[PDB]
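Input: one structure, supplied below.
Labels run A, B, C, D, E, F, G and H following the written order; every chain starts at residue 1.
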Amino acid sequence: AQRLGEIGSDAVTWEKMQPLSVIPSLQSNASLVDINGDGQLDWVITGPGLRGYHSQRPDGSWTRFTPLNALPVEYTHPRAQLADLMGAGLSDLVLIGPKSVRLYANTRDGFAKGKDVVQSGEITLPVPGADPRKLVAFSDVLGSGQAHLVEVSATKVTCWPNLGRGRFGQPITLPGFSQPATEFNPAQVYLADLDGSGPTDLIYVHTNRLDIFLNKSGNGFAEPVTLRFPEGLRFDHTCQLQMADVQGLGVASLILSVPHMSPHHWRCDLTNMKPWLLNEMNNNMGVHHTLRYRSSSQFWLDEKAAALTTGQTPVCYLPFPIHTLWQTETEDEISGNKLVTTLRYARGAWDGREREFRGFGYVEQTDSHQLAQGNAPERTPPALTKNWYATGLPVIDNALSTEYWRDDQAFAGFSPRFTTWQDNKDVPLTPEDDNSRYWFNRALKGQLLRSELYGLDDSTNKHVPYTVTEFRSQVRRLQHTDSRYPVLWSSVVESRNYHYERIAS
Amino acid sequence: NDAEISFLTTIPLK
Amino acid sequence: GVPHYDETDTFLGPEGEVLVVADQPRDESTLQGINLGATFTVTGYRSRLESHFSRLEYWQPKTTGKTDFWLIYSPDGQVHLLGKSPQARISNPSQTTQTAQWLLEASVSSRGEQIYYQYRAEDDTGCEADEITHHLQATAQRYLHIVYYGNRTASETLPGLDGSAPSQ
Amino acid sequence: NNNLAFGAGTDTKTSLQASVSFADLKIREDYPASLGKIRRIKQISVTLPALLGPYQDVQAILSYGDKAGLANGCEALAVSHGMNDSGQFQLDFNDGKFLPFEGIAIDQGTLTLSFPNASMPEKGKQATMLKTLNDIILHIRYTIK
Amino acid sequence: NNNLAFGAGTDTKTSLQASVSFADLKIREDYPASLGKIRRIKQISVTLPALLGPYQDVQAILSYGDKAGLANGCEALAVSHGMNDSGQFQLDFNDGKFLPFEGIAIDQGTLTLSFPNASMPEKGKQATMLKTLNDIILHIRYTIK
Amino acid sequence: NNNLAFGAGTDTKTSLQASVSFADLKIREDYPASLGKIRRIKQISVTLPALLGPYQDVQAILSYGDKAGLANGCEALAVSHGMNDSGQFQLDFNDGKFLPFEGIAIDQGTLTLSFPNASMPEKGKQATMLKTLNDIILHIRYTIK
Amino acid sequence: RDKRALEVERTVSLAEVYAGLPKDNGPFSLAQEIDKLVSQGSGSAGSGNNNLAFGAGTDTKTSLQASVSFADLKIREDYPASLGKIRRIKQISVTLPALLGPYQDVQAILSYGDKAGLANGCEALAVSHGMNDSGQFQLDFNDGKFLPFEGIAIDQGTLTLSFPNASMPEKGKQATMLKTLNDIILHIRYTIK
Amino acid sequence: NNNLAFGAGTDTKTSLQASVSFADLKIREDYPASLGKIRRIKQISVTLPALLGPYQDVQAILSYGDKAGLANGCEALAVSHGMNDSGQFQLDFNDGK
């Protein structure tokens, strides 16, 4: 994906296809899936005796073949499906029958010895692929953040909540969905988080229109919203409805791919904003606040585009788009003045190992005063504050060193200090291995490492900050005699201020 | 204080 | 993943950090002078990331006739009790020993001031038969109903001890 | 000839039999007579949209309850799993042999599908299978000549 | 020869016929004349992008409305699915037989695809299927020599 | 004949042998007696729902511990992978040869599945594989005639 | 005298074979030694018939050869002797889990470095790609012909896998491929009779 | 012999001719001489990773511009779809031809 148009545009395009410079050689019995749940897709090979994978790293390289530690022989079974059943967010291996399931937990290096889970009571599960008249699939139709088992037929939607480790609860009827009996072809049923929220909506595709049933938080369906196709577009069995966030809007758009003689595509945008976010506040005393949001993925495209234009190779460490706050605006009803803060983000990252978001390494805050018309001749120039934070992923933190305002006649910058606590002394430490190094760096996440304040003036010294602030943090290992991760404590040891007042000297 | 969970969607291939 | 409830699980603190066992367990039956009626294994906990050095204890009875609880010892001597009485617990409505959450129930200051939190359990009211029909239990949810504070008299003990419901 | 019933054999009393007449399937009606008058069945597969696990079978026998010049054994087909399940373990139309039901006119006689051990009071094995069986689908390959 | 119409037969009055002249397909034009002049059809499959229910079949006959030295029965092909649907249960170019339409010059004659029971006022079975039919695609395999 | 034991041979002392009686499987009972009395095994495949390491294979031998008119080599089958694992490198029901165990009555004799090198104290290679094996599944193809 | 033989498959990791050599045979990590041998003009690893070396032929001095002894693969040991003593190889496939460029291929020759009753050409297999490749363009166990290496005892002789144009200083084409190759996997089909 | 050009036939003036020399592909060099000296082509397949869809065809003919003892018609191959596209509707390496 590339930024289409100028930087700051929200438009998205794709570049001319290029061969990837490197691919795995073994592609006869393999597929691309995140097997570890690390955020890195794995080319996973499960061939005639050979089991392992190649992960796709963020810098574009591939790892060498990594053997799996354990794989069920049933991985390749015709009814094998993967699903999040342990609730770990990992894809577990499961086989489903009507009375029991067989579950192999994903241990993120292979799978665990599986277990046969007997369903309690009289709970009978649907079996995927068993009946062409209905759809059996995993989906968050209850809007709870998990993979529930849902069966969609012409007259009703039934769902068995996932209680974990292969256990399912009683079927829940989710009324409101209804198709004309014999016309109900499951091939026409697609599921989606169209409002960007928990519950997954049911989209029924007809030849000339979409019949969309909004999901009322797992309590049944809304009367369908009918959308019509543009003239000349008709849907059929050779066509496909694809859903994806391809705009940087969070909410996936509906793409109709019609491969006929000259393959063409259409996209239906239902929203330009994620619909449940807080938009406005008004205190009825003249203060009005407007929030705006922008997907993190659009900041990435701007970051990427800027790097391309300077010959640099940007790396995104966040494959899981979030909506960040952008362009907060405060309106003074009564004075007529407005104040807008635009945040720009860069270098954010996903932890991978603990499956958590570490945060944005860089946050840049503008500050613009819109004085009431006729008030003043553009007085009070806009300000800019740059803030660099630790992510605790020293592939990013180490790189922030080049983005700082430079002054050669300056004190040495800071690096984090790692210590322990030995006979009550703050003893310097170099981590023994990667597991410790990881946890020591994890402890740094979110700390401000540096900030700079600039005026966005038209002066000859507009690029020189008024102030520069540097910090040095420290992580102390207090108790390693524990479950593998040690107890760490962290704080700021050094804080250095510089006052330039835009004068470099 | 506060809390946050980042929610991502994972898609199986079968 | 979904908790096993077999002590292989970990817990999150008052801040969503992982708690770890820091101290060897000890046996105790008396809490702030209150004889709880059972011997509890008391396990000390710390956050993996040490926010303000708060210390936590998990009290686990050796008997099936009692439920567990958590205590928090704040750096200022403030002491908190979470999840002792059943209204303070979120637990599997069937296997009720599977407590998912321990909600703050009581708190005592270092100077004798107290707070007691009265929770109300969810129930089958305020709705249509259809709501109940497809969701027969799920009464594990707890809502804060009344927070009682400003004890008329002074006490160094937690107000929730002995399971005594507050009077206004 | 369009019904469900328990059988009347000595060991089929607990079998649930279902049957339909070819006369009521209206196969002939799909193409106008000018395309040919001889319309005969070449092969029948049975789909049973029941809920079976990965290691669970189904038992049913499909047979033709009428007169036809069939070779012995071509009068019946067995179903073992139901996923567009043909009678033979290995399906081909080129093994040199006649297939089950091959040569039967598309509009003559009656088919019966027998599910042994169906009765619930008798604790039949198929007694639970059947309660998840939503429909019965036949796939009839026939030719016009 | 490039049109739609209802059939003129006695039992085809409800059949919707569509036909195209090979002369207007401009197949020959694809390759230079020097590569060979004898350009003949070897095999034709039919694709019918449409929405059909899970157990709904396509009823259609493809036939050649002209003179050709075809073996009897090679003048027509049945369509059942429309999913790149060949005229057989199994397609094999190596069985020692001629395939439907094999040997027809790429320039001569007209193909007609007939959909029986198409008329809506007559409540034809295909009357509704056809309303979800977006196109008709032919896949023509032919050889040059 | 329904048991587990370590083998009595001189080199099978470390092999874990799973013995299962055919009579006790009650296969005959699945279908009406009236369909025919001669019910014989045509082919057996083995499925072993265990977890294997990156280069770990399965070593297991399935054999028939009784009298039958078998050809030389049809008395036993080797398992290598554990997924519908046939006794050959390539399974073919029409090559012209008898398959292992073919012709054995469905209710007679006993099968044994032997896992060599299964004794943990001897550091057998299959000893750890077996600790992840939840079940053993046989797929028996048989015919009624 | 015919017999249906037991048809047995086995997966062999050469990295395990070399890593597991007895201490006096010079056990080694296959990946590390390849990296050194490819970067260097020459060298060797291991001992006896379990080794790495550049070939001595006039057109092989840039070819990296790996060799293992069947005697040390401990194949016979998989099943007790009572199952039969004639244990012969039916077919060998080769898997090479390396990373490759845009449209790069893999050049390697697998051959049997010993005496056996093989028909001419059955002494060697060419690897074109690493996807469980084999000696033919299409593998068919029923075409009436003998497969490469078929009939060799599972516990006798030595296999060599030769990678031509491996030397890095010579700018061999496979010089970079080898630096992404973590292991060498053989899939051996053999029968017991 | 490594070039692009338009043809000079009477009906090929509009055809692009993409030509390459085997001698310059350095195929022989991939394997040691000692493996055998007779190295001959068995089959050639054409791949065009083009923006060519499943219902789109490409007309292209691959031919050998030199002297060889080829069976009549084995001098050329036609391309239709570009995805490991061989000269046959069905590729069979064992049909006796």
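The rule we apply is simple: a residue touches a chain if its C-beta (ideal position, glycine included) is under 8 Å from a C-beta of that chain, and two chains touch if they have at least 3 such contacts.
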{"item": "Equivalent interface positions on chain D and chain E, same or different at half", "value": "different"}
{"item": "Remotest chain, chain D as reference, centres from CA atoms", "value": "C"}
{"item": "Gap in Å, rounded to a whole number, between the CA centres of chain E and chain D", "value": "32"}
{"item": "Chain C-chain E separation of Cα centroids, rounded to whole Å", "value": "76"}
{"item": "Separation of chain A from chain H, taking each centre as the mean of its C-alpha atoms, in whole Å", "value": "47"}
{"item": "Chain A, residues touching no fewer than two other chains", "value": "48-50, 52, 77, 102, 132-133, 260-261"}
{"item": "Touching two or more other chains - residue numbers and ranges from chain E", "value": "55, 137"}
{"item": "Contact footprint of chain G on chain A as seen in their complex", "value": "19-28, 45, 47-50, 52, 54, 62, 64-65"}
{"item": "Residue numbers on chain G that touch chain A, as the complex places them", "value": "9-11, 31, 93, 95-103, 106, 129-132, 180, 182-183, 185, 187"}
{"item": "Interfacial residue positions of chain E with respect to chain D in the complex", "value": "9-12, 15, 55, 59, 61, 73, 78, 89-90, 95, 116-117, 125"}
{"item": "Chain A residues touching chain D - in the complex, by the definition given at the top", "value": "77-79, 95-100, 102, 124-127, 129-133"}
{"item": "Parts of chain A lying in touch with chain C, wherever the complex brings them together", "value": "86-88, 105, 163-165, 170, 172-173, 439, 443, 478-479, 482-483, 485-490"}
